[PDB]
Amino acid sequence: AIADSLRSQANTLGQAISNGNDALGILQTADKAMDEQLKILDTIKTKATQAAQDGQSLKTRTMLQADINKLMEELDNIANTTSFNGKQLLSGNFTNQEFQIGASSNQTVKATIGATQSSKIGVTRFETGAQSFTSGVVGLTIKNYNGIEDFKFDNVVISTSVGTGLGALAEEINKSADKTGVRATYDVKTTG
Amino acid sequence: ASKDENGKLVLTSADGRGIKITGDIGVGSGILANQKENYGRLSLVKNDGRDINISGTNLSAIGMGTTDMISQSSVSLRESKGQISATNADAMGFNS
Amino acid sequence: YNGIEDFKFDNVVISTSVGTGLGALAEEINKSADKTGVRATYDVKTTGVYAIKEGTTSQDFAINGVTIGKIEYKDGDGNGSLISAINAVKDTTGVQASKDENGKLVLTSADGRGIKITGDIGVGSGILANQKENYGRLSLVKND
Amino acid sequence: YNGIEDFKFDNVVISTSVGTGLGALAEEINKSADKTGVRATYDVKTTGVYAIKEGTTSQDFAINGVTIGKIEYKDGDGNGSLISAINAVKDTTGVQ
Amino acid sequence: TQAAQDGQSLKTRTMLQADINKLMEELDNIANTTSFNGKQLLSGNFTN
Amino acid sequence: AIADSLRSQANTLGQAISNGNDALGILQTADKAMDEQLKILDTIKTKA
Amino acid sequence: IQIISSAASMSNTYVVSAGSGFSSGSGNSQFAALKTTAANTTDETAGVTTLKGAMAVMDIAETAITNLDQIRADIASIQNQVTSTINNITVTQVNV
Amino acid sequence: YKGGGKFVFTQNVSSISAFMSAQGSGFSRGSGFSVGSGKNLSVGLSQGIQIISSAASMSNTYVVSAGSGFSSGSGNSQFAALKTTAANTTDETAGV
């Protein structure tokens, strides 16, 4: 009886090793695939930087955008293409997948590879307030900056002096950028 | 001070100090009496797609008070690949 | 448990912390497996209905005690912003947001901690107000 | 789809935007290929008949929402002006 | 030790913590898994 | 017991070196960047 | 010039109708979008084809890099866990 | 979630219409998703919600009738099988 129990356990563990090896293969494939998406996104950002200068006309910015279109097409193609034997890894349908690696019934690891498509990866959040016509000492507060507490800045002057204004506020906000994830800029024009 | 393409008058401030004209500039230049006190506008940019929940103490000065029409939106790569909508652009930071 | 007497496990907390939940109960039950013949497991998910629509969460939408905030999501959740914003705190909450095949919103907890959302997640995601307090199920398996 | 139940997909938009159309539908279908066994593709062309003649487009000739304007093309389009003018916005419309 | 430096932002520290979570999960798995013929060895019920 | 104590202390110090070699990058970057500000203030004083 | 008569009731400049989620007195009343007929808001050129468009695509790409790194870290953690499991199983099988 | 078909409550509402009208749910008259408001969530609820009116008597969701061995008050009342027409419980693919 004991010998048969141990034989069953040895065979089940010998199969669990193969299950683990298959899981390793799948995960390695997914990772070495995502590497190229990282490089492509780097190239996209470089091209956007190259176009963010004003020595280039709309006709050349259009070539930039045409290149970015094809690169992003390739990115989402890699996403919708990488697959093991039909199981699409980098698309979003690889959520809560088990791999029995135990002698008994329900011992397993779980894989929930997120979605990496170009319609779902890069989602920034912009805001912008109405054109301010009033002055006064302002103190911001970004509530729930990290999930627990608030984040109060310092009081900033506005009106017209050298160390005042929306530029001063933008400096004060960009200073604490790494903690809030909130960068600021400005635009001060009075056009008729 | 600069002259726009369409002939409008533009008074830009590089380091963001806020333009305040006191005397009568003279209507006919394009600047109405409501733009004499100007301090520009702020433009925040997060990088996660959740609403920035700003709530300060004296907010009518940065143009985000309890009576200021602000615009906010979140865009993806594919959403940027196309034509930027009119509201999305105002959120981005065009058209002061 | 053995034909003569009973078998009383020790008390086990439940709610939402690390050493709590159906996983904390399954550990205890499986530990004394050879004497009872009863192995246990768990499954802690919260899957909506009417797969997904466009809506937004309350300003104080929080899950397992940590606050996320307002999130505007499109019809079919084309942005993936909801899933991204729920997942950005997965190793502090214990929940892993996912999008089901049919489009439904799936909230799963790997180590069985129990999902408890406080704020208005926003009807439109499909999670009814009768699911905001979920601790999963138990599953015993005898062998006789 | 498997012998017992059905398989409902997601509601997909079509008309003309970046994240719309038969491309979006084919993505959504091909994603769930392992379970349904039904892959998908698309082909979005618009081919004329009576191959080509001489004529002009209206002053408000637009495509996918961007206005192109009037174009005078020769018999066999010997100028290539039509093709070039339509292609000048290929990466804004999505039409080559 | 790798995350005890201040050249790493909260995001990278979060990656560290997410990895440590899985490693500790594996530790618990070994503990609750090693068993001879049902007798769980490394769990605490193998006393006396 | 000793070898497992040394194997950790060797791994830790092996990682602590990376924290140092990374604390050098952050400091050298901050230093060589100050170099230009010194050449700027020199110009201001000359222009004044 | 577009003069709003009274800030309490402005449905002719912003989209504040009852159907919209921006009805006054229901929250969100300060995020309402402008009206294209009231103002003259037009779209912008597509994507990086403009300056502020480029400086927005820069942040979108930065956030994309962030997200992909965040996903790859999860893949790596799962992989290390699997490797440890496999080593332990390989020893336990010999002992069994 | 208790059979892979619809979700099963134990509330005390006559129908989905009153369940939306009632307090607590996100479908109140003040909220945006009221019945008849273009969202059309009534169909989504009808496909995926089964509200048991009174837990004391539920013969429309569980096979708990008199002839069955699970009649209420006759013991075993908490082991009764779900109803295939009430829910949408379908079989699973055979075996491994």
# chains A, B, ... in the order shown; residues from 1 in each chain; ligands from 1
$ interface_residues --of "chain E" --to "chain A" --cutoff "9 Å" --atoms "only C-alpha atoms" --output "list in words"
residues 9, 10, 26, 29, 33, 34, 35, 36 and 37 of chain E
$ select_by_dssp --residues "chain G" --states "alpha helix (DSSP H)" --output "compact mmCIF listing (two decimals) with N, CA and C atoms, in the first residue's frame"
# COMPACT_ATOMS: atom_id res chain seq x y z
N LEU G 51 2.91 70.68 -32.79
CA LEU G 51 3.87 70.83 -31.71
C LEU G 51 3.34 70.25 -30.40
N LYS G 52 2.26 70.83 -29.88
CA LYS G 52 1.68 70.32 -28.65
C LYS G 52 1.24 68.87 -28.79
N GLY G 53 0.82 68.47 -29.99
CA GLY G 53 0.57 67.06 -30.23
C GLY G 53 1.80 66.21 -30.01
N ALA G 54 2.97 66.69 -30.45
CA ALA G 54 4.20 65.94 -30.24
C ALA G 54 4.54 65.86 -28.76
N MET G 55 4.42 66.99 -28.06
CA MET G 55 4.76 66.98 -26.64
C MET G 55 3.73 66.22 -25.81
N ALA G 56 2.57 65.90 -26.38
CA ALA G 56 1.65 65.01 -25.68
C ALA G 56 1.94 63.56 -26.01
N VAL G 57 2.28 63.27 -27.27
CA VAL G 57 2.65 61.91 -27.64
C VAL G 57 3.89 61.47 -26.88
N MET G 58 4.76 62.42 -26.52
CA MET G 58 5.92 62.06 -25.71
C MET G 58 5.50 61.45 -24.38
N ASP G 59 4.59 62.09 -23.66
CA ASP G 59 4.12 61.54 -22.40
C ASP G 59 3.33 60.25 -22.60
N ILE G 60 2.57 60.16 -23.69
CA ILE G 60 1.83 58.92 -23.93
C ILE G 60 2.80 57.76 -24.11
N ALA G 61 3.90 57.99 -24.83
CA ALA G 61 4.89 56.93 -25.01
C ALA G 61 5.60 56.62 -23.70
N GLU G 62 5.87 57.63 -22.89
CA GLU G 62 6.50 57.38 -21.59
C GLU G 62 5.61 56.50 -20.72
N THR G 63 4.31 56.82 -20.67
CA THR G 63 3.38 56.00 -19.91
C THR G 63 3.29 54.59 -20.48
N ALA G 64 3.37 54.45 -21.80
CA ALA G 64 3.34 53.13 -22.40
C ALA G 64 4.54 52.30 -21.97
N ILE G 65 5.73 52.90 -21.99
CA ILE G 65 6.92 52.21 -21.52
C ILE G 65 6.73 51.78 -20.07
N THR G 66 6.21 52.68 -19.24
CA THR G 66 5.93 52.35 -17.85
C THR G 66 5.05 51.12 -17.74
N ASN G 67 3.94 51.10 -18.48
CA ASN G 67 2.99 49.99 -18.37
C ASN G 67 3.61 48.68 -18.82
N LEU G 68 4.37 48.71 -19.92
CA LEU G 68 4.97 47.48 -20.40
C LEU G 68 6.00 46.95 -19.40
N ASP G 69 6.77 47.84 -18.78
CA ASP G 69 7.68 47.40 -17.74
C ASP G 69 6.93 46.77 -16.58
N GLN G 70 5.81 47.39 -16.19
CA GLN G 70 5.02 46.85 -15.09
C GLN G 70 4.50 45.46 -15.40
N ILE G 71 4.15 45.19 -16.65
CA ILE G 71 3.65 43.87 -17.01
C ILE G 71 4.79 42.86 -17.06
N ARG G 72 5.92 43.26 -17.65
CA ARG G 72 7.05 42.36 -17.76
C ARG G 72 7.58 41.96 -16.39
N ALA G 73 7.50 42.86 -15.41
CA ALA G 73 7.91 42.49 -14.06
C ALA G 73 7.03 41.38 -13.50
N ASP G 74 5.73 41.41 -13.79
CA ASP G 74 4.85 40.35 -13.32
C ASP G 74 5.21 39.02 -13.97
N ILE G 75 5.45 39.05 -15.28
CA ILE G 75 5.88 37.83 -15.96
C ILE G 75 7.14 37.28 -15.31
N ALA G 76 8.10 38.15 -15.01
CA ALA G 76 9.36 37.71 -14.43
C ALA G 76 9.16 37.10 -13.05
N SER G 77 8.30 37.71 -12.24
CA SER G 77 8.05 37.16 -10.91
C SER G 77 7.44 35.77 -11.00
N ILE G 78 6.45 35.59 -11.87
CA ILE G 78 5.87 34.26 -12.04
C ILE G 78 6.93 33.27 -12.47
N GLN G 79 7.83 33.70 -13.36
CA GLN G 79 8.86 32.79 -13.86
C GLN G 79 9.80 32.34 -12.76
N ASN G 80 10.24 33.28 -11.91
CA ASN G 80 11.11 32.90 -10.81
C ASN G 80 10.41 31.94 -9.85
N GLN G 81 9.13 32.19 -9.57
CA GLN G 81 8.40 31.27 -8.70
C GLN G 81 8.35 29.87 -9.30
N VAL G 82 8.09 29.79 -10.61
CA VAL G 82 8.03 28.48 -11.25
C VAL G 82 9.38 27.78 -11.17
N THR G 83 10.47 28.53 -11.37
CA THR G 83 11.79 27.92 -11.30
C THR G 83 12.06 27.33 -9.92
N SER G 84 11.72 28.08 -8.87
CA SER G 84 11.93 27.55 -7.53
C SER G 84 11.10 26.29 -7.29
N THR G 85 9.83 26.32 -7.71
CA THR G 85 8.99 25.13 -7.57
C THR G 85 9.63 23.94 -8.27
N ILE G 86 10.19 24.16 -9.46
CA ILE G 86 10.73 23.05 -10.23
C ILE G 86 11.95 22.46 -9.55
N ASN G 87 12.82 23.31 -8.99
CA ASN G 87 13.97 22.77 -8.26
C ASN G 87 13.51 21.93 -7.07
N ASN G 88 12.57 22.45 -6.28
CA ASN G 88 12.12 21.70 -5.12
C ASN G 88 11.49 20.37 -5.52
N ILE G 89 10.69 20.37 -6.59
CA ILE G 89 10.06 19.13 -7.03
C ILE G 89 11.11 18.15 -7.53
N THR G 90 12.14 18.65 -8.21
CA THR G 90 13.17 17.76 -8.72
C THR G 90 13.89 17.05 -7.59
N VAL G 91 14.11 17.73 -6.47
CA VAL G 91 14.75 17.04 -5.35
C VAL G 91 13.77 16.08 -4.68
N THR G 92 12.53 16.54 -4.45
CA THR G 92 11.57 15.70 -3.74
C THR G 92 11.26 14.43 -4.51
N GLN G 93 11.29 14.48 -5.85
CA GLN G 93 11.01 13.27 -6.61
C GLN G 93 12.09 12.23 -6.40
N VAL G 94 13.35 12.65 -6.36
CA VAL G 94 14.43 11.70 -6.10
C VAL G 94 14.26 11.08 -4.73
N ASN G 95 13.96 11.92 -3.73
CA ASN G 95 13.82 11.37 -2.39
C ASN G 95 12.65 10.39 -2.30
$ interface_residues --of "chain B" --to "chain G" --cutoff "10 Å" --atoms "only C-alpha atoms" --output "short mmCIF file (atom, residue, chain, number, x, y, z; two decimals) with C-alpha atoms, in the first residue's frame"
data_model
loop_
_atom_site.label_atom_id
_atom_site.label_comp_id
_atom_site.auth_asym_id
_atom_site.auth_seq_id
_atom_site.Cartn_x
_atom_site.Cartn_y
_atom_site.Cartn_z
CA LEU B 32 -11.37 93.61 -24.75
CA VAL B 45 -0.43 65.91 -16.85
CA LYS B 46 -0.63 62.67 -14.90
CA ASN B 47 0.53 59.32 -16.30
CA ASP B 48 -2.05 56.79 -15.14
CA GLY B 49 -5.49 57.78 -16.45
CA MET B 64 -9.52 75.81 -11.06
CA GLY B 65 -11.92 77.25 -8.51
CA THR B 66 -15.43 76.09 -7.73
CA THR B 67 -16.70 78.18 -10.67
CA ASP B 68 -14.09 77.55 -13.38
CA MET B 69 -14.90 75.35 -16.37
CA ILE B 70 -11.96 72.97 -16.58
CA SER B 71 -11.39 70.23 -19.14
CA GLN B 72 -9.97 66.78 -18.48
CA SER B 73 -9.57 63.60 -20.49
CA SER B 74 -7.44 60.49 -20.96
CA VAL B 75 -6.07 59.25 -24.29
CA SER B 76 -4.41 56.06 -25.49
CA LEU B 77 -1.75 55.52 -28.15
CA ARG B 78 -4.34 54.42 -30.68
CA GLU B 79 -6.51 57.37 -29.69
CA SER B 80 -3.59 59.71 -30.36
CA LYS B 81 -2.86 58.05 -33.70
CA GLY B 82 -5.90 59.81 -35.18
CA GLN B 83 -7.40 63.28 -35.31
CA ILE B 84 -7.34 65.05 -31.95
CA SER B 85 -10.89 66.04 -31.06
CA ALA B 86 -11.73 69.60 -30.09
CA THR B 87 -12.20 68.90 -26.37
CA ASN B 88 -9.26 66.51 -26.17
CA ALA B 89 -7.04 69.20 -27.66
CA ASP B 90 -8.11 71.82 -25.12
CA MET B 92 -3.87 68.61 -24.12
CA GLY B 93 -2.90 72.26 -23.98
CA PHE B 94 -3.56 73.83 -27.35
CA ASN B 95 -5.63 77.01 -27.73
#
$ closest_atom_pairs --of "chain E" --to "chain F" --cutoff "10 Å" --atoms "only C-alpha atoms" --output "CSV"
residue,atom,partner,partner_atom,distance
E:1,CA,F:12,CA,6.7
E:2,CA,F:15,CA,6.3
E:3,CA,F:19,CA,9.0
E:4,CA,F:19,CA,8.5
E:5,CA,F:19,CA,6.2
E:6,CA,F:23,CA,8.3
E:7,CA,F:22,CA,7.0
E:8,CA,F:22,CA,9.9
$ write_last_selection --atoms "N, CA and C atoms" --output "PDB file, in the first residue's frame"
ATOM      1  N   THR E   1      17.636  44.203   0.113  1.00  0.00           N
ATOM      2  CA  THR E   1      18.833  45.032   0.025  1.00  0.00           C
ATOM      3  C   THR E   1      18.842  45.842  -1.262  1.00  0.00           C
ATOM      4  N   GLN E   2      18.414  45.232  -2.366  1.00  0.00           N
ATOM      5  CA  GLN E   2      18.403  45.928  -3.646  1.00  0.00           C
ATOM      6  C   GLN E   2      17.447  47.106  -3.635  1.00  0.00           C
ATOM      7  N   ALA E   3      16.344  46.994  -2.909  1.00  0.00           N
ATOM      8  CA  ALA E   3      15.366  48.069  -2.856  1.00  0.00           C
ATOM      9  C   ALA E   3      15.613  49.029  -1.708  1.00  0.00           C
ATOM     10  N   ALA E   4      16.561  48.721  -0.832  1.00  0.00           N
ATOM     11  CA  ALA E   4      16.919  49.610   0.261  1.00  0.00           C
ATOM     12  C   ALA E   4      17.732  50.813  -0.187  1.00  0.00           C
ATOM     13  N   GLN E   5      17.908  51.012  -1.484  1.00  0.00           N
ATOM     14  CA  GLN E   5      18.618  52.175  -1.987  1.00  0.00           C
ATOM     15  C   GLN E   5      17.618  53.240  -2.399  1.00  0.00           C
ATOM     16  N   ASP E   6      18.104  54.469  -2.550  1.00  0.00           N
ATOM     17  CA  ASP E   6      17.238  55.570  -2.936  1.00  0.00           C
ATOM     18  C   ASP E   6      17.436  55.995  -4.380  1.00  0.00           C
ATOM     19  N   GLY E   7      18.019  55.142  -5.208  1.00  0.00           N
ATOM     20  CA  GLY E   7      17.985  55.325  -6.639  1.00  0.00           C
ATOM     21  C   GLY E   7      16.792  54.672  -7.295  1.00  0.00           C
ATOM     22  N   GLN E   8      15.822  54.208  -6.513  1.00  0.00           N
ATOM     23  CA  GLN E   8      14.704  53.422  -7.011  1.00  0.00           C
ATOM     24  C   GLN E   8      13.409  54.084  -6.580  1.00  0.00           C
TER      25      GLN E   8
END
$ residues_around --residues "residue 3 (chain H)" --least-positions-apart "6" --cutoff "10 Å" --atoms "only C-alpha atoms" --output "number ranges by chain"
H: 82, 84, 87-90
$ write_last_selection --atoms "N, CA, C and O atoms" --output "mmCIF file, in the first residue's frame"
data_model
loop_
_atom_site.group_PDB
_atom_site.id
_atom_site.type_symbol
_atom_site.label_atom_id
_atom_site.label_comp_id
_atom_site.auth_asym_id
_atom_site.auth_seq_id
_atom_site.Cartn_x
_atom_site.Cartn_y
_atom_site.Cartn_z
ATOM 1 N N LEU H 82 -30.304 23.646 -8.123
ATOM 2 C CA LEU H 82 -30.783 24.813 -8.838
ATOM 3 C C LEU H 82 -31.667 24.380 -10.003
ATOM 4 O O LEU H 82 -31.688 23.212 -10.397
ATOM 5 N N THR H 84 -32.756 24.692 -13.972
ATOM 6 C CA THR H 84 -32.099 25.011 -15.233
ATOM 7 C C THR H 84 -32.832 26.099 -16.004
ATOM 8 O O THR H 84 -32.204 26.833 -16.771
ATOM 9 N N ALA H 87 -32.079 29.595 -13.585
ATOM 10 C CA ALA H 87 -30.716 29.980 -13.916
ATOM 11 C C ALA H 87 -30.433 29.571 -15.358
ATOM 12 O O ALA H 87 -31.344 29.280 -16.135
ATOM 13 N N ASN H 88 -29.169 29.574 -15.748
ATOM 14 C CA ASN H 88 -28.765 29.047 -17.041
ATOM 15 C C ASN H 88 -27.670 28.009 -16.869
ATOM 16 O O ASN H 88 -26.727 27.929 -17.657
ATOM 17 N N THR H 89 -27.791 27.201 -15.820
ATOM 18 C CA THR H 89 -26.794 26.181 -15.542
ATOM 19 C C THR H 89 -26.728 25.180 -16.684
ATOM 20 O O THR H 89 -27.691 24.458 -16.950
ATOM 21 N N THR H 90 -25.585 25.141 -17.358
ATOM 22 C CA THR H 90 -25.349 24.203 -18.439
ATOM 23 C C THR H 90 -24.256 23.235 -18.018
ATOM 24 O O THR H 90 -23.435 23.535 -17.151
#
$ closest_atom_pairs --of "chain D" --to "chain B" --cutoff "10 Å" --atoms "only C-alpha atoms" --output "JSON lines"
{"residue": "D:17", "atom": "CA", "partner": "B:82", "partner_atom": "CA", "distance": 7.7}
{"residue": "D:18", "atom": "CA", "partner": "B:82", "partner_atom": "CA", "distance": 6.0}
{"residue": "D:19", "atom": "CA", "partner": "B:78", "partner_atom": "CA", "distance": 6.9}
{"residue": "D:65", "atom": "CA", "partner": "B:83", "partner_atom": "CA", "distance": 9.9}
{"residue": "D:66", "atom": "CA", "partner": "B:83", "partner_atom": "CA", "distance": 9.6}
{"residue": "D:91", "atom": "CA", "partner": "B:82", "partner_atom": "CA", "distance": 8.3}
{"residue": "D:92", "atom": "CA", "partner": "B:82", "partner_atom": "CA", "distance": 6.4}
{"residue": "D:93", "atom": "CA", "partner": "B:82", "partner_atom": "CA", "distance": 8.1}
{"residue": "D:94", "atom": "CA", "partner": "B:82", "partner_atom": "CA", "distance": 9.0}
$ residues_around --residues "residue 132 (chain A)" --least-positions-apart "5" --cutoff "8 Å" --atoms "only C-alpha atoms" --output "PyMOL selection string"
chain B and resi 38-41+60-63
$ closest_residue --among "H:93, H:8, H:16, H:45" --to "chain C" --atoms "only C-alpha atoms"
H:45
$ closest_atom_pairs --of "chain D" --to "chain H" --cutoff "10 Å" --atoms "only C-alpha atoms" --output "Markdown table"
| residue | atom | partner | partner_atom | distance |
| --- | --- | --- | --- | --- |
| D:2 | CA | H:93 | CA | 8.7 |
| D:3 | CA | H:93 | CA | 8.6 |
| D:4 | CA | H:90 | CA | 7.1 |
| D:5 | CA | H:90 | CA | 7.3 |
$ closest_atom_pairs --of "chain C" --to "chain E" --cutoff "9 Å" --atoms "only C-alpha atoms" --output "JSON lines"
{"residue": "C:27", "atom": "CA", "partner": "E:32", "partner_atom": "CA", "distance": 7.4}
{"residue": "C:30", "atom": "CA", "partner": "E:32", "partner_atom": "CA", "distance": 7.9}
{"residue": "C:31", "atom": "CA", "partner": "E:43", "partner_atom": "CA", "distance": 6.8}
{"residue": "C:32", "atom": "CA", "partner": "E:45", "partner_atom": "CA", "distance": 7.3}
{"residue": "C:33", "atom": "CA", "partner": "E:38", "partner_atom": "CA", "distance": 7.0}
{"residue": "C:34", "atom": "CA", "partner": "E:38", "partner_atom": "CA", "distance": 5.3}
{"residue": "C:35", "atom": "CA", "partner": "E:39", "partner_atom": "CA", "distance": 8.9}
{"residue": "C:89", "atom": "CA", "partner": "E:14", "partner_atom": "CA", "distance": 8.8}
{"residue": "C:90", "atom": "CA", "partner": "E:18", "partner_atom": "CA", "distance": 8.5}
{"residue": "C:91", "atom": "CA", "partner": "E:18", "partner_atom": "CA", "distance": 5.7}
{"residue": "C:92", "atom": "CA", "partner": "E:18", "partner_atom": "CA", "distance": 8.8}
{"residue": "C:111", "atom": "CA", "partner": "E:25", "partner_atom": "CA", "distance": 8.5}
$ write_last_selection --atoms "N, CA, C and O atoms" --output "PDB file, in the first residue's frame"
ATOM      1  N   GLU C  27      -5.499  26.633   4.458  1.00  0.00           N
ATOM      2  CA  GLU C  27      -4.244  26.185   5.054  1.00  0.00           C
ATOM      3  C   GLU C  27      -4.506  25.328   6.283  1.00  0.00           C
ATOM      4  O   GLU C  27      -3.976  24.218   6.408  1.00  0.00           O
ATOM      5  N   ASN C  30      -6.211  21.924   5.359  1.00  0.00           N
ATOM      6  CA  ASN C  30      -5.325  20.996   4.671  1.00  0.00           C
ATOM      7  C   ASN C  30      -4.213  20.501   5.579  1.00  0.00           C
ATOM      8  O   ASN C  30      -3.683  19.408   5.362  1.00  0.00           O
ATOM      9  N   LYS C  31      -3.828  21.292   6.580  1.00  0.00           N
ATOM     10  CA  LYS C  31      -2.773  20.857   7.488  1.00  0.00           C
ATOM     11  C   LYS C  31      -3.138  19.540   8.160  1.00  0.00           C
ATOM     12  O   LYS C  31      -2.322  18.614   8.220  1.00  0.00           O
ATOM     13  N   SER C  32      -4.359  19.437   8.667  1.00  0.00           N
ATOM     14  CA  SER C  32      -4.831  18.215   9.315  1.00  0.00           C
ATOM     15  C   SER C  32      -5.576  17.333   8.318  1.00  0.00           C
ATOM     16  O   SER C  32      -6.706  16.907   8.540  1.00  0.00           O
ATOM     17  N   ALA C  33      -4.920  17.049   7.199  1.00  0.00           N
ATOM     18  CA  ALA C  33      -5.559  16.267   6.151  1.00  0.00           C
ATOM     19  C   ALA C  33      -5.532  14.776   6.425  1.00  0.00           C
ATOM     20  O   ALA C  33      -6.534  14.097   6.190  1.00  0.00           O
ATOM     21  N   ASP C  34      -4.416  14.245   6.918  1.00  0.00           N
ATOM     22  CA  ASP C  34      -4.284  12.804   7.066  1.00  0.00           C
ATOM     23  C   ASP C  34      -5.167  12.236   8.164  1.00  0.00           C
ATOM     24  O   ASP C  34      -5.379  11.020   8.198  1.00  0.00           O
ATOM     25  N   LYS C  35      -5.678  13.072   9.061  1.00  0.00           N
ATOM     26  CA  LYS C  35      -6.499  12.575  10.154  1.00  0.00           C
ATOM     27  C   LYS C  35      -7.986  12.650   9.858  1.00  0.00           C
ATOM     28  O   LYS C  35      -8.755  11.848  10.395  1.00  0.00           O
ATOM     29  N   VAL C  89      -2.318  48.512  -7.961  1.00  0.00           N
ATOM     30  CA  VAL C  89      -2.176  48.359  -6.518  1.00  0.00           C
ATOM     31  C   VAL C  89      -2.436  46.910  -6.132  1.00  0.00           C
ATOM     32  O   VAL C  89      -2.872  46.628  -5.010  1.00  0.00           O
ATOM     33  N   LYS C  90      -2.187  45.989  -7.066  1.00  0.00           N
ATOM     34  CA  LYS C  90      -2.586  44.602  -6.861  1.00  0.00           C
ATOM     35  C   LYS C  90      -1.814  43.950  -5.728  1.00  0.00           C
ATOM     36  O   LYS C  90      -2.370  43.127  -4.998  1.00  0.00           O
ATOM     37  N   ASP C  91      -0.547  44.295  -5.556  1.00  0.00           N
ATOM     38  CA  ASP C  91       0.250  43.685  -4.506  1.00  0.00           C
ATOM     39  C   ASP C  91       0.061  44.350  -3.150  1.00  0.00           C
ATOM     40  O   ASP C  91       0.669  43.909  -2.171  1.00  0.00           O
ATOM     41  N   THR C  92      -0.756  45.395  -3.070  1.00  0.00           N
ATOM     42  CA  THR C  92      -1.159  45.936  -1.782  1.00  0.00           C
ATOM     43  C   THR C  92      -2.566  45.499  -1.407  1.00  0.00           C
ATOM     44  O   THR C  92      -2.846  45.258  -0.229  1.00  0.00           O
ATOM     45  N   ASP C 111      -4.502  34.753  -3.279  1.00  0.00           N
ATOM     46  CA  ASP C 111      -4.322  34.112  -1.985  1.00  0.00           C
ATOM     47  C   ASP C 111      -5.579  34.138  -1.125  1.00  0.00           C
ATOM     48  O   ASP C 111      -5.480  34.025   0.101  1.00  0.00           O
TER      49      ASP C 111
END
$ interface_residues --of "chain C" --to "chain B" --cutoff "7 Å" --atoms "only C-alpha atoms" --output "PyMOL selection string"
chain C and resi 69-71+79+81
$ write_last_selection --atoms "N, CA, C and O atoms" --output "short mmCIF file (atom, residue, chain, number, x, y, z; two decimals), in the first residue's frame"
data_model
loop_
_atom_site.label_atom_id
_atom_site.label_comp_id
_atom_site.auth_asym_id
_atom_site.auth_seq_id
_atom_site.Cartn_x
_atom_site.Cartn_y
_atom_site.Cartn_z
N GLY C 69 -9.73 56.09 -6.59
CA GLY C 69 -10.20 57.37 -7.06
C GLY C 69 -11.09 57.23 -8.28
O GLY C 69 -11.46 56.13 -8.70
N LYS C 70 -11.42 58.38 -8.87
CA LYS C 70 -12.35 58.42 -9.98
C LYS C 70 -11.67 57.93 -11.26
O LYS C 70 -10.55 58.35 -11.57
N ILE C 71 -12.35 57.05 -11.99
CA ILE C 71 -11.86 56.51 -13.25
C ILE C 71 -13.01 56.54 -14.25
O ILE C 71 -14.08 55.99 -13.97
N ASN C 79 -10.28 51.67 -23.23
CA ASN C 79 -9.07 52.25 -22.66
C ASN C 79 -8.26 51.23 -21.89
O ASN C 79 -7.04 51.34 -21.80
N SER C 81 -8.29 51.38 -18.95
CA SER C 81 -7.89 52.21 -17.83
C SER C 81 -8.41 51.67 -16.52
O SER C 81 -7.72 51.74 -15.50
#
